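Everything on this sheet refers to the single structure shown next.
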Amino acid sequence: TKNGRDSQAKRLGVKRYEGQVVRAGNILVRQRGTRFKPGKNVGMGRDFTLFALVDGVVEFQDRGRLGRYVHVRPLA
Amino acid sequence: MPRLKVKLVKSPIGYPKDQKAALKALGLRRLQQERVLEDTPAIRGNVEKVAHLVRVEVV
Amino acid sequence: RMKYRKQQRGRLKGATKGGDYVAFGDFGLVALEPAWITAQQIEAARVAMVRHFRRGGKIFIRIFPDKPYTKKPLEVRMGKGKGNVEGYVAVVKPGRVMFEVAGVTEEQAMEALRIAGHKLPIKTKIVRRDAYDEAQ
Amino acid sequence: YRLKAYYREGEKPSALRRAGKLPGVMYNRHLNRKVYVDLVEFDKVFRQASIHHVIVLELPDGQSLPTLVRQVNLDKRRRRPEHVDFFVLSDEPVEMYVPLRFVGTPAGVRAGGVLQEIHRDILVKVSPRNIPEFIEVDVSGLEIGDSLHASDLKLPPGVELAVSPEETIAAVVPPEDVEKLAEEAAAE
RNA sequence: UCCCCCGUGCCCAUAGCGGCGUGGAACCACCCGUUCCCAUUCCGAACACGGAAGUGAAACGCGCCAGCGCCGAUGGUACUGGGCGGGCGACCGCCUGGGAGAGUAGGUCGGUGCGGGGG
RNA sequence: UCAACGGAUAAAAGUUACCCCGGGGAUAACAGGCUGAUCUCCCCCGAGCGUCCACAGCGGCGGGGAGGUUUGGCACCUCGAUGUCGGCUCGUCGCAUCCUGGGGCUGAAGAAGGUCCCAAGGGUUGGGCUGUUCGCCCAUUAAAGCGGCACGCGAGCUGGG
RNA sequence: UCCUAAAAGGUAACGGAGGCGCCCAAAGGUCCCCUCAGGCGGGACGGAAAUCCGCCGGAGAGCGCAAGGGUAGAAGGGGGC
RNA sequence: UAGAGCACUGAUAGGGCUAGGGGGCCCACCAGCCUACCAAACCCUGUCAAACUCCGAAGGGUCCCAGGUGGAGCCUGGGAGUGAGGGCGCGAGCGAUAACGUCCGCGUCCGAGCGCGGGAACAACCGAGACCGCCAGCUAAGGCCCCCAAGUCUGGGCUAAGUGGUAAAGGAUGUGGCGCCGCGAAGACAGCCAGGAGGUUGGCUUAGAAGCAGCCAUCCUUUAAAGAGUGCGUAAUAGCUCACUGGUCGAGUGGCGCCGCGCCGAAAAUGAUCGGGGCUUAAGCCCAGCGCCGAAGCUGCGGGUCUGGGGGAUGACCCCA
Ligand SMILES: [Mg+2]
Ligand SMILES: [Mg+2]
Ligand SMILES: [Mg+2]
Ligand SMILES: [Mg+2]
Ligand SMILES: [Mg+2]
Ligand SMILES: [Mg+2]
Ligand SMILES: [Mg+2]
Ligand SMILES: [Mg+2]
Ligand SMILES: [Mg+2]
Ligand SMILES: [Mg+2]
Ligand SMILES: [Mg+2]
Ligand SMILES: [Mg+2]
Ligand SMILES: [Mg+2]
Ligand SMILES: [Mg+2]
Ligand SMILES: [Mg+2]
Ligand SMILES: [Mg+2]
Ligand SMILES: [Mg+2]
Ligand SMILES: [Mg+2]
Ligand SMILES: [Mg+2]
Ligand SMILES: [Mg+2]
Ligand SMILES: [Mg+2]
Ligand SMILES: [Mg+2]
Ligand SMILES: [Mg+2]
Ligand SMILES: [Mg+2]
Ligand SMILES: [Mg+2]
Ligand SMILES: [Mg+2]
Ligand SMILES: [Mg+2]
Ligand SMILES: [Mg+2]
Ligand SMILES: [Mg+2]
Ligand SMILES: [Mg+2]
Ligand SMILES: [Mg+2]
Ligand SMILES: [Mg+2]
Ligand SMILES: [Mg+2]
Ligand SMILES: [Mg+2]
Ligand SMILES: [Mg+2]
Ligand SMILES: [Mg+2]
Ligand SMILES: [Mg+2]
Ligand SMILES: [Mg+2]
Ligand SMILES: [Mg+2]
Ligand SMILES: [Mg+2]
Ligand SMILES: [Mg+2]
Ligand SMILES: [Mg+2]
Ligand SMILES: [Mg+2]
Ligand SMILES: [Mg+2]
Ligand SMILES: [Mg+2]
Ligand SMILES: [Mg+2]
Ligand SMILES: [Mg+2]
Ligand SMILES: [Mg+2]
Ligand SMILES: [Mg+2]
Ligand SMILES: [Mg+2]
Ligand SMILES: [Mg+2]
Ligand SMILES: [Mg+2]
Ligand SMILES: [Mg+2]
Ligand SMILES: [Mg+2]
Ligand SMILES: [Mg+2]
Ligand SMILES: [Mg+2]
Ligand SMILES: [Mg+2]
Ligand SMILES: [Mg+2]
Ligand SMILES: [Mg+2]
Ligand SMILES: [Mg+2]
Ligand SMILES: [Mg+2]
Ligand SMILES: [Mg+2]
Ligand SMILES: [Mg+2]
Ligand SMILES: [Mg+2]
Ligand SMILES: [Mg+2]
Ligand SMILES: [Mg+2]
Ligand SMILES: [Mg+2]
Ligand SMILES: [Mg+2]
Ligand SMILES: [Mg+2]
Ligand SMILES: [Mg+2]
Ligand SMILES: [Mg+2]
Ligand SMILES: [Mg+2]
Ligand SMILES: [Mg+2]
Ligand SMILES: [Mg+2]
Ligand SMILES: [Mg+2]
Ligand SMILES: [Mg+2]
Ligand SMILES: [Mg+2]
Ligand SMILES: [Mg+2]
Ligand SMILES: [Mg+2]
Ligand SMILES: [Mg+2]
Ligand SMILES: [Mg+2]
Ligand SMILES: [Mg+2]
Ligand SMILES: [Mg+2]
Ligand SMILES: [Mg+2]
Ligand SMILES: [Mg+2]
Ligand SMILES: [Mg+2]
Ligand SMILES: [Mg+2]
Ligand SMILES: [Mg+2]
Ligand SMILES: [Mg+2]
Ligand SMILES: [Mg+2]
Ligand SMILES: [Mg+2]
Ligand SMILES: [Mg+2]
Ligand SMILES: [Mg+2]
Ligand SMILES: [Mg+2]
Ligand SMILES: [Mg+2]
Ligand SMILES: [Mg+2]
Ligand SMILES: [Mg+2]
Ligand SMILES: [Mg+2]
Ligand SMILES: [Mg+2]
Ligand SMILES: [Mg+2]
Ligand SMILES: [Mg+2]
Ligand SMILES: [Mg+2]
Ligand SMILES: [Mg+2]
Ligand SMILES: [Mg+2]
Ligand SMILES: [Mg+2]
Ligand SMILES: [Mg+2]
Ligand SMILES: [Mg+2]
Ligand SMILES: [Mg+2]
Ligand SMILES: [Mg+2]
Ligand SMILES: [Mg+2]
Ligand SMILES: [Mg+2]
Ligand SMILES: [Mg+2]
Ligand SMILES: [Mg+2]
Ligand SMILES: [Mg+2]
Ligand SMILES: [Mg+2]
Ligand SMILES: [Mg+2]
Ligand SMILES: [Mg+2]
Ligand SMILES: [Mg+2]
Ligand SMILES: [Mg+2]
Ligand SMILES: [Mg+2]
Ligand SMILES: [Mg+2]
Ligand SMILES: [Mg+2]
Ligand SMILES: [Mg+2]
Ligand SMILES: [Mg+2]
Ligand SMILES: [Mg+2]
Ligand SMILES: [Mg+2]
Ligand SMILES: [Mg+2]
Ligand SMILES: [Mg+2]
Ligand SMILES: [Mg+2]
Ligand SMILES: [Mg+2]
Ligand SMILES: [Mg+2]
Ligand SMILES: [Mg+2]
Ligand SMILES: [Mg+2]
Ligand SMILES: [Mg+2]
Ligand SMILES: [Mg+2]
Ligand SMILES: [Mg+2]
Ligand SMILES: [Mg+2]
Ligand SMILES: [Mg+2]
Ligand SMILES: [Mg+2]
Ligand SMILES: [Mg+2]
Ligand SMILES: [Mg+2]
Ligand SMILES: [Mg+2]
Ligand SMILES: [Mg+2]
Ligand SMILES: [Mg+2]
Ligand SMILES: [Mg+2]
Ligand SMILES: [Mg+2]
Ligand SMILES: [Mg+2]
Ligand SMILES: [Mg+2]
Ligand SMILES: [Mg+2]
Ligand SMILES: [Mg+2]
Ligand SMILES: [Mg+2]
Ligand SMILES: [Mg+2]
Ligand SMILES: [Mg+2]
Ligand SMILES: [Mg+2]
Ligand SMILES: [Mg+2]
Ligand SMILES: [Mg+2]
Ligand SMILES: [Mg+2]
Ligand SMILES: [Mg+2]
Ligand SMILES: [Mg+2]
Ligand SMILES: [Mg+2]
Ligand SMILES: [Mg+2]
């Protein structure tokens with residue numbers, strides 16, 4: 001036949017969860033398109049990678065129309 | 001958190017690993033073995049998930 | 001039909017949505033056991049039914065096959081089966097309503113549905129009508 | 001009709017059926033009460049009553065409530081009623097499925113046609129006082145291939161067609177034996 | 001304190017569409033004009049500037065009405081960590097804890113924060 | 001197109017029935033086995049044929065199953081070896097009975113026959129052609145049965161295949 | 001790339017179905033501006049479909065190239081530098 | 001994901017609406033009408049999907065906090081072996097909703113527990129993890145009539161095939177049990193007695209078609225009852241029967257649905273069988289209860305060894321788990 005093909009696992013999705021400690025630059029969540037938007041102290045790159053720009057805890061915030069944003073609350 | 005007497009009566013041999021491990025956090029070696037731990041919401045959980053192996057006693 | 005070539009096997013769990021109610025007609029035919037019903041089976045019961053009471057009323061065939069029945073031609077394991085040999089089938093689980101007649105006599109129905117039942121592999125029952133719909 | 005309804009509370013809905021009582025609930029715009037009836041009773045009572053008339057429920061409270069089954073949950077796996085609703089009425093106009101009696105001699109029958117029907121009960125808005133046992137359906141001058149629509153209905157006073165004024169009511173499809181089969185196997 | 005309106009943010013349809021009503025002194029828009037800043041691959045329609053007259057028509061604010069949309073119980077039910085039994089098989093059932101979707105009763109044509117102007 | 005994409009050399013095809021060594025039942029062919037799609041038979045439904053009459057005889061469309069002969073699937077014991085067709089010799093067992101026995105129905109006058117049921121105790125030919133099994137044919141017969149026994153039998157034989 | 005995969009990840013078969021071995025100096029960067037497909041109604045050639053006008057139309061277009069995910073509160077359409 | 005749903009992506013049974021294509025009316029002035037035809041887009045009824053999802057569980061993953069001293073964990077380093085796995089339950093692909101088939105996943109046992117009890121025997125099913133001793137004791141699975149330890153236990157039902165000793169569509173006044181409805185002491189079911197009439201040879205059809213090849217239509221009278229007629233039958237007629245009415249008759253009678261257990265369907269090859277004998281208000285099956293047998297599991301007594309705790313100039317030894 002001619003079907004047995006498949007690109008190996010890229011292993012994406014949620015890397016960090018709400019209520020977790022994070023340094024500075026920790027890849028919060030690697031995503032396909034933009035299933036998760038940045039926010040407070042969080043930016044993305046070419047592959048839409050989400051990471052922390054400060055140091056604190058990860059937090060999520062669903063906002064329907066706007067989107068499912070994720071931030072980090074800095075503290076020390 | 002009154003006492004909680006627990007006697008192992010049903011061998012864990014052949015049962016899921018997690019359950020075996022439960023009789024460790026609860027600490028039950030052999031058969032027909034007594035064990036009177038406290039009644040903490042935590043300790044309860046274990047005893048519960050293996051209730052079918054040990055006959056609980058309210059003390 | 002029209003979609004694409006082959007499809008999976010998939011088990012036949014509980015007789016859930018595989019089962020309804022008499023929506024049209026007067027009498028109905030229900031399945032008791034779960035299985036795949038073949039196209040040849042639909043027609044077989046169809047022709048049997050309509051042929052019984054010549055110039056019959058309206059025969060409703062609620063079910064409908066669309067599951068590509070797979071199969072291999074007496075060989076080994078070179079890829080996936082060609083299938084299509086027997087054709088297709090329908091997810092028929094207990095409670096389902098394969099057929100139901102109308103505008104005809106009860107005797108015509110009872111005997112017909114009975115015969116068409118033998119055209120089916122599954123043990124079956126014959127339900128009247130009642131009033132079980134959904135209202136007030 | 002009547003039905004001795006009892007109050008529920010902490011009974012096992014599953015083990016309850018085993019006993020011989022049919023689980024369910026009665027309620028209106030202001031009500032919500034766990035209840036249950038008897039299988040055999042509700043059985044023979046609902047056969048006639050069905051879901052077109054009103055069945056007063058005599059609770060032990062002596063309360064005679066103008067209720068009608070707003071919905072029935074039919075157990076699959078060999079048909080049988082599992083749960084029952086009982087929507088109570090008051091003085092406010094309420095919607096419901098009203099029976100339709102297809103009476104007459106369709107032109108199809110004469111030409112050897114098929115008695116087709118679609119809505120054996122249309123959903124209509126109406127006051128609790130109005131309990132029309134049914135509506136005269138003038139299906140008679142309906143020939144094979146013709147259809148009577150919802151906009152072609154005779155509505156008893158105090159009532160409106162709470163539907164889509166253009167909804168099919170009945171039809172007259174053709175028979176099917178010899179010609180079709182013999183011709184189908186060769187033209188399929 | 002409270003009320004009407006202007007800016008802006010949050011909740012992200014119980015605030016949306018639609019038919020009706022309604023406000024211009026104030027606030028807002030339209031509106032007058034295209035000399036100057038500036039502009040439409042054509043147009044000052046858009047963007048822009050100078051500024052009186054006129055209306056509240058358009059837009060918006062507020063309010064109403066549920067037909068559409070949307071929100072949605074409860075009750076039971078499907079399915080199911082866990083424990084157990086029955087049938088050749090396809091499968092079925094009970095105890096324990098969990099528990100939808102759909103449909104019903106029903107809810108809604110907004111709520112709210114800071115600042116600014118006006119009584 | 002180190003594209004056999006972690007890339008043995010800068011540089012490479014095929015043949016062995018003349019064959020050999022190491023090793024495997026981790027693996028094919030024989031046989032067994034599990035299965036039963038294929039094969040044999042039985043069965044349900046019964047349009048319809050049979051003047052008439054669906055059941056003398058028959059059966060579409062479709063459904064259930066029994067057996068475990070064939071082809072087939074799996075690769076489980078056996079590769080420090082289980083000899084493989086057919087023939088001969090000796091058989092023995094099954095019954096789904098070819099004959100003889102008995103019996104029902106018949107579209108059974110009688111004879112003869114059809115079909116189904118019961119019933120292995122015994123019997124179930126000689127020959128032409130082919131290695132054949134198989135089958136075709138001659139002559140006859142009460143009949144010239146099907147199948148199991150590693151498609152019985154090579155420490156009994158044959159060796160045409 | 002997706003499904004198989006049994007709701008984290010991962011996950012096999014000679015399992016189902018389809019791509020890559022490129023292309024772009026503008027298809028990039030910034031700045032400013034802009035909003036789809038279709039449907040209906042109206043209009044010289046055209047007339048199913050060029051182009052223009054009105055109303056509807058929240059993403060079913062577009063996003064170089066398979067598919068997935070994302071997306072007009074721009075990743076899309078155009079101009080300046 | 002399970003399920004569920006059709007809001008997108010596709011399939012789809014019927015019906016309406018209606019663009020388009022076929023056919024007929026009819027004149028080419030090119031339209032208008034009908035259509036038990038094919039059928040797009042749209043609506044209603046209804047449903048299918050691994051690669052569809054408006055929705056969406058149980059659950060699983062993870063981080064903070066708490067219990068958890070465990071032949072737990074973490075770090076550095078030494079030494080390994082292993083890289084055919086298998087059965088099983090569950091969730092899927094392939095297969096044929098085949099295989100002691102195969103390919104992943106979650107767990108489990110076997111592996112290496114072929115050590116023990118049960119299952120007749122039997123790597124993996126049920127019970128249970130063998131440090132050694134003992135002519136002690138309770139119990140597990142299973143079992144408690146004889147081979148065989150321990151009840152021919154107790155009480156209440158079912159089953160007459162040996163079912164149990166375990167095959168299907170489908171078949172059957174088998175036998176018992178529950179609910180609904182018809183009919184009946186103002187006289188029921190059945191057998192039995194007699195009748196069961198005319199138009200009409202219902203229309204048509206046909207060689208005929210007279211209740212009874214077929215089609216369609218689809219009365220009146222007499223009466224206690226007799227049908228524009230159910231079958232057998234005839235070439236068509238006759239003739240019989242039945243539902244019907246009365247007499248008889250004398251007490252029940254008929255139908256449906258659901259449930260328990262058994263019967264048919266049931267044909268294989270060296271001798272036969274549930275392990276055997278043998279069993280029938282059970283020694284079968286269902287329900288409720290007490291009692292007992294029974295493993296190397298547990299308790300009892302004694303002993304070895306290793307680890308951990310204590311007395312301890314005392315090394316030492318003693319005791320404990
Ligand atoms: Mg692969
Ligand atoms: Mg591969
Ligand atoms: Mg792969
Ligand atoms: Mg690889
Ligand atoms: Mg173990
Ligand atoms: Mg866990
Ligand atoms: Mg098609
Ligand atoms: Mg299923
Ligand atoms: Mg077929
Ligand atoms: Mg059948
Ligand atoms: Mg089949
Ligand atoms: Mg049946
Ligand atoms: Mg009562
Ligand atoms: Mg106005
Ligand atoms: Mg005004
Ligand atoms: Mg100018
Ligand atoms: Mg100036
Ligand atoms: Mg200038
Ligand atoms: Mg200008
Ligand atoms: Mg302007
Ligand atoms: Mg000026
Ligand atoms: Mg003014
Ligand atoms: Mg004004
Ligand atoms: Mg206005
Ligand atoms: Mg405002
Ligand atoms: Mg809902
Ligand atoms: Mg709900
Ligand atoms: Mg309402
Ligand atoms: Mg509503
Ligand atoms: Mg408004
Ligand atoms: Mg506020
Ligand atoms: Mg004021
Ligand atoms: Mg004032
Ligand atoms: Mg190459
Ligand atoms: Mg090289
Ligand atoms: Mg290589
Ligand atoms: Mg090379
Ligand atoms: Mg190389
Ligand atoms: Mg080479
Ligand atoms: Mg040679
Ligand atoms: Mg030589
Ligand atoms: Mg030579
Ligand atoms: Mg060799
Ligand atoms: Mg072989
Ligand atoms: Mg072999
Ligand atoms: Mg062998
Ligand atoms: Mg077979
Ligand atoms: Mg048979
Ligand atoms: Mg036959
Ligand atoms: Mg044939
Ligand atoms: Mg044919
Ligand atoms: Mg065929
Ligand atoms: Mg056949
Ligand atoms: Mg078949
Ligand atoms: Mg068959
Ligand atoms: Mg079979
Ligand atoms: Mg074989
Ligand atoms: Mg092997
Ligand atoms: Mg060798
Ligand atoms: Mg040897
Ligand atoms: Mg040898
Ligand atoms: Mg040897
Ligand atoms: Mg001899
Ligand atoms: Mg004879
Ligand atoms: Mg004879
Ligand atoms: Mg004779
Ligand atoms: Mg003769
Ligand atoms: Mg003899
Ligand atoms: Mg010879
Ligand atoms: Mg010779
Ligand atoms: Mg010669
Ligand atoms: Mg010869
Ligand atoms: Mg010869
Ligand atoms: Mg020949
Ligand atoms: Mg001869
Ligand atoms: Mg022989
Ligand atoms: Mg041989
Ligand atoms: Mg031999
Ligand atoms: Mg020899
Ligand atoms: Mg030989
Ligand atoms: Mg020998
Ligand atoms: Mg020689
Ligand atoms: Mg020769
Ligand atoms: Mg030779
Ligand atoms: Mg997935
Ligand atoms: Mg996953
Ligand atoms: Mg597949
Ligand atoms: Mg290039
Ligand atoms: Mg650019
Ligand atoms: Mg750019
Ligand atoms: Mg523009
Ligand atoms: Mg358009
Ligand atoms: Mg147009
Ligand atoms: Mg136009
Ligand atoms: Mg246009
Ligand atoms: Mg021109
Ligand atoms: Mg145009
Ligand atoms: Mg146009
Ligand atoms: Mg157009
Ligand atoms: Mg760009
Ligand atoms: Mg740009
Ligand atoms: Mg640019
Ligand atoms: Mg799935
Ligand atoms: Mg799914
Ligand atoms: Mg599903
Ligand atoms: Mg829908
Ligand atoms: Mg498409
Ligand atoms: Mg369609
Ligand atoms: Mg359709
Ligand atoms: Mg047309
Ligand atoms: Mg035409
Ligand atoms: Mg003329
Ligand atoms: Mg013309
Ligand atoms: Mg012309
Ligand atoms: Mg004309
Ligand atoms: Mg459509
Ligand atoms: Mg519905
Ligand atoms: Mg369907
Ligand atoms: Mg946790
Ligand atoms: Mg802390
Ligand atoms: Mg702390
Ligand atoms: Mg801590
Ligand atoms: Mg802690
Ligand atoms: Mg410790
Ligand atoms: Mg350890
Ligand atoms: Mg260990
Ligand atoms: Mg090491
Ligand atoms: Mg290796
Ligand atoms: Mg599987
Ligand atoms: Mg294997
Ligand atoms: Mg295996
Ligand atoms: Mg395993
Ligand atoms: Mg081991
Ligand atoms: Mg182990
Ligand atoms: Mg082990
Ligand atoms: Mg040994
Ligand atoms: Mg044993
Ligand atoms: Mg053993
Ligand atoms: Mg000991
Ligand atoms: Mg004892
Ligand atoms: Mg016992
Ligand atoms: Mg015994
Ligand atoms: Mg007894
Ligand atoms: Mg026996
Ligand atoms: Mg009967
Ligand atoms: Mg009398
Ligand atoms: Mg009588
Ligand atoms: Mg009688
Ligand atoms: Mg006369
Ligand atoms: Mg005549
Ligand atoms: Mg026999
Ligand atoms: Mg024998
Ligand atoms: Mg036994
Ligand atoms: Mg007992
Ligand atoms: Mg013992
Ligand atoms: Mg011991
Ligand atoms: Mg003791
Ligand atoms: Mg003790
Ligand atoms: Mg000391
Ligand atoms: Mg010391
Ligand atoms: Mg010492």
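Going through the structure tokens in order, the chains are called A, B, and so on, while each chain numbers its residues from 1 and the ligands are numbered from 1 in the order shown.
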When DSSP is applied to the backbone of this structure, which of range 28-101 of chain C are assigned strand (DSSP E or B)? Write them out as a PDB file with N, CA and C atoms, in the first residue's frame.
```pdb
ATOM      1  N   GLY C  28     -44.501  -0.712  13.712  1.00  0.00           N
ATOM      2  CA  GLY C  28     -43.057  -0.588  13.631  1.00  0.00           C
ATOM      3  C   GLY C  28     -42.305  -1.868  13.936  1.00  0.00           C
ATOM      4  N   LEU C  29     -41.042  -1.909  13.521  1.00  0.00           N
ATOM      5  CA  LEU C  29     -40.192  -3.082  13.714  1.00  0.00           C
ATOM      6  C   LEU C  29     -38.910  -2.709  14.454  1.00  0.00           C
ATOM      7  N   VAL C  30     -38.705  -3.325  15.613  1.00  0.00           N
ATOM      8  CA  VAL C  30     -37.584  -2.982  16.481  1.00  0.00           C
ATOM      9  C   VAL C  30     -36.588  -4.124  16.611  1.00  0.00           C
ATOM     10  N   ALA C  31     -35.318  -3.774  16.782  1.00  0.00           N
ATOM     11  CA  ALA C  31     -34.269  -4.768  16.967  1.00  0.00           C
ATOM     12  C   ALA C  31     -34.088  -5.101  18.443  1.00  0.00           C
ATOM     13  N   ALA C  35     -26.136  -5.347  15.802  1.00  0.00           N
ATOM     14  CA  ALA C  35     -25.312  -5.839  14.703  1.00  0.00           C
ATOM     15  C   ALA C  35     -25.336  -4.890  13.511  1.00  0.00           C
ATOM     16  N   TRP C  36     -24.490  -5.175  12.528  1.00  0.00           N
ATOM     17  CA  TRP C  36     -24.474  -4.420  11.286  1.00  0.00           C
ATOM     18  C   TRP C  36     -25.507  -4.994  10.331  1.00  0.00           C
ATOM     19  N   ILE C  37     -26.394  -4.144   9.830  1.00  0.00           N
ATOM     20  CA  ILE C  37     -27.387  -4.593   8.866  1.00  0.00           C
ATOM     21  C   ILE C  37     -26.914  -4.306   7.446  1.00  0.00           C
ATOM     22  N   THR C  38     -26.945  -5.331   6.603  1.00  0.00           N
ATOM     23  CA  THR C  38     -26.413  -5.231   5.251  1.00  0.00           C
ATOM     24  C   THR C  38     -27.428  -4.658   4.271  1.00  0.00           C
ATOM     25  N   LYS C  58     -47.507   2.728   2.205  1.00  0.00           N
ATOM     26  CA  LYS C  58     -46.199   3.366   2.286  1.00  0.00           C
ATOM     27  C   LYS C  58     -45.316   2.682   3.324  1.00  0.00           C
ATOM     28  N   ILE C  59     -44.164   2.194   2.881  1.00  0.00           N
ATOM     29  CA  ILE C  59     -43.246   1.492   3.761  1.00  0.00           C
ATOM     30  C   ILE C  59     -42.052   2.367   4.102  1.00  0.00           C
ATOM     31  N   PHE C  60     -41.942   2.733   5.373  1.00  0.00           N
ATOM     32  CA  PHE C  60     -40.867   3.603   5.832  1.00  0.00           C
ATOM     33  C   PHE C  60     -39.655   2.800   6.298  1.00  0.00           C
ATOM     34  N   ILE C  61     -38.497   3.095   5.715  1.00  0.00           N
ATOM     35  CA  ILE C  61     -37.249   2.446   6.101  1.00  0.00           C
ATOM     36  C   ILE C  61     -36.332   3.444   6.802  1.00  0.00           C
ATOM     37  N   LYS C  67     -21.730   2.492   6.285  1.00  0.00           N
ATOM     38  CA  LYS C  67     -20.475   1.993   6.825  1.00  0.00           C
ATOM     39  C   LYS C  67     -19.844   0.975   5.884  1.00  0.00           C
ATOM     40  N   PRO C  68     -18.800   1.401   5.162  1.00  0.00           N
ATOM     41  CA  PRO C  68     -18.059   0.569   4.209  1.00  0.00           C
ATOM     42  C   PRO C  68     -17.596  -0.753   4.814  1.00  0.00           C
ATOM     43  N   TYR C  88     -22.143  -2.106   2.294  1.00  0.00           N
ATOM     44  CA  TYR C  88     -22.157  -1.263   3.480  1.00  0.00           C
ATOM     45  C   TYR C  88     -23.180  -1.765   4.487  1.00  0.00           C
ATOM     46  N   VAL C  89     -23.192  -1.155   5.667  1.00  0.00           N
ATOM     47  CA  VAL C  89     -24.122  -1.543   6.717  1.00  0.00           C
ATOM     48  C   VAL C  89     -24.501  -0.355   7.579  1.00  0.00           C
ATOM     49  N   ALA C  90     -25.382  -0.598   8.543  1.00  0.00           N
ATOM     50  CA  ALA C  90     -25.836   0.452   9.441  1.00  0.00           C
ATOM     51  C   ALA C  90     -25.711   0.030  10.901  1.00  0.00           C
ATOM     52  N   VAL C  91     -25.345   0.984  11.749  1.00  0.00           N
ATOM     53  CA  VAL C  91     -25.196   0.738  13.177  1.00  0.00           C
ATOM     54  C   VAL C  91     -26.550   0.445  13.820  1.00  0.00           C
ATOM     55  N   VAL C  92     -26.908  -0.834  13.869  1.00  0.00           N
ATOM     56  CA  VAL C  92     -28.210  -1.238  14.377  1.00  0.00           C
ATOM     57  C   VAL C  92     -28.112  -1.875  15.755  1.00  0.00           C
ATOM     58  N   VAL C  97     -35.543   1.257  15.103  1.00  0.00           N
ATOM     59  CA  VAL C  97     -36.776   1.088  14.353  1.00  0.00           C
ATOM     60  C   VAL C  97     -36.474   0.968  12.866  1.00  0.00           C
ATOM     61  N   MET C  98     -36.164  -0.244  12.418  1.00  0.00           N
ATOM     62  CA  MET C  98     -35.768  -0.455  11.031  1.00  0.00           C
ATOM     63  C   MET C  98     -36.869  -0.086  10.042  1.00  0.00           C
ATOM     64  N   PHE C  99     -38.075  -0.586  10.285  1.00  0.00           N
ATOM     65  CA  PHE C  99     -39.176  -0.380   9.352  1.00  0.00           C
ATOM     66  C   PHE C  99     -40.457   0.040  10.056  1.00  0.00           C
ATOM     67  N   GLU C 100     -41.416   0.512   9.269  1.00  0.00           N
ATOM     68  CA  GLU C 100     -42.732   0.860   9.779  1.00  0.00           C
ATOM     69  C   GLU C 100     -43.690   1.157   8.631  1.00  0.00           C
ATOM     70  N   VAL C 101     -44.840   0.494   8.647  1.00  0.00           N
ATOM     71  CA  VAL C 101     -45.807   0.614   7.566  1.00  0.00           C
ATOM     72  C   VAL C 101     -46.969   1.520   7.947  1.00  0.00           C
TER      73      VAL C 101
END
```
Would you pick out the contacts of residue 94 in chain E at 12 Å or less, using only C-alpha atoms (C1' of nucleotides), so that residues sharing its chain but fewer than 5 positions from it are not included, and give the list as a ChimeraX atom specification? /D:14-15 /E:83-86
Can you build me a table of chain D residues sitting at most 9 Å from chain C, with the closest atom pair per residue and its distance in Å to one decimal, using only C-alpha atoms, sorted by chain and residue number, as a tab-separated table?
```
residue	atom	partner	partner_atom	distance
D:46	CA	C:131	CA	8.6
D:47	CA	C:130	CA	6.8
D:48	CA	C:131	CA	8.7
D:50	CA	C:131	CA	6.2
D:51	CA	C:136	CA	4.4
D:52	CA	C:136	CA	5.8
D:53	CA	C:136	CA	7.6
D:54	CA	C:136	CA	8.2
D:67	CA	C:136	CA	8.8
D:68	CA	C:136	CA	5.2
D:69	CA	C:136	CA	4.8
D:70	CA	C:136	CA	4.3
D:71	CA	C:134	CA	5.5
D:72	CA	C:134	CA	6.2
D:73	CA	C:134	CA	8.5
D:74	CA	C:132	CA	7.9
D:76	CA	C:95	CA	5.8
D:77	CA	C:95	CA	4.8
D:78	CA	C:95	CA	5.4
D:79	CA	C:95	CA	6.9
D:81	CA	C:132	CA	8.6
D:86	CA	C:136	CA	8.4
D:87	CA	C:136	CA	7.8
D:95	CA	C:136	CA	8.3
D:96	CA	C:136	CA	5.4
D:97	CA	C:135	CA	5.6
D:98	CA	C:136	CA	8.6
D:112	CA	C:55	CA	8.6
D:113	CA	C:57	CA	7.5
D:114	CA	C:57	CA	5.2
D:115	CA	C:103	CA	4.7
D:116	CA	C:103	CA	6.9
D:117	CA	C:25	CA	8.1
D:118	CA	C:24	CA	7.5
D:121	CA	C:135	CA	9.0
D:123	CA	C:135	CA	8.3
D:173	CA	C:58	CA	7.3
D:174	CA	C:57	CA	7.2
D:175	CA	C:57	CA	4.9
D:176	CA	C:55	CA	5.6
D:177	CA	C:55	CA	4.9
D:178	CA	C:54	CA	7.1
D:181	CA	C:47	CA	7.1
```
